[PDB]
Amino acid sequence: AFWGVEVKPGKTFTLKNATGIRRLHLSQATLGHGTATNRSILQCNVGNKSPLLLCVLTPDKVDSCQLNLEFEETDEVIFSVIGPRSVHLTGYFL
């Protein structure tokens, strides 16, 4: 059931499917290790639709936060991180 991935500052995670589609519950975003003080923003693109901000993590202030989103899509979902430090996404499949 458990699911998780570290999305890195220049890299992107894509969630695709393979005729069946699983439903993923994204629960938590946690700031990764680093010394940089600038914030990291978690961003999401479904297809070509404009990107949506999921959360903002500020080192030593808001180091992790709840998301509780759910994904069961026919289009690929692209998570990206803008900022100096990676974001650990954790959750579970339904």
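Counting begins at 1, following the sequence as shown.
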*Note how many residues of the deposited chain are left out of the model between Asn17 and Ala18; the options are none, 1 to 3, 4 to 9, and 10 or more.*
1 to 3
*Look up the CA B-factors in the entry and say which stretch, 26-34 or 48-56, has the higher mean.*
48-56
*Would you determine, from the values in the PDB entry, which of 6-14 and 82-90 has the greater average C-alpha temperature factor?*
6-14
*How does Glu72 rank on Cα B-factor within its chain, lowest, middle or highest third?*
middle
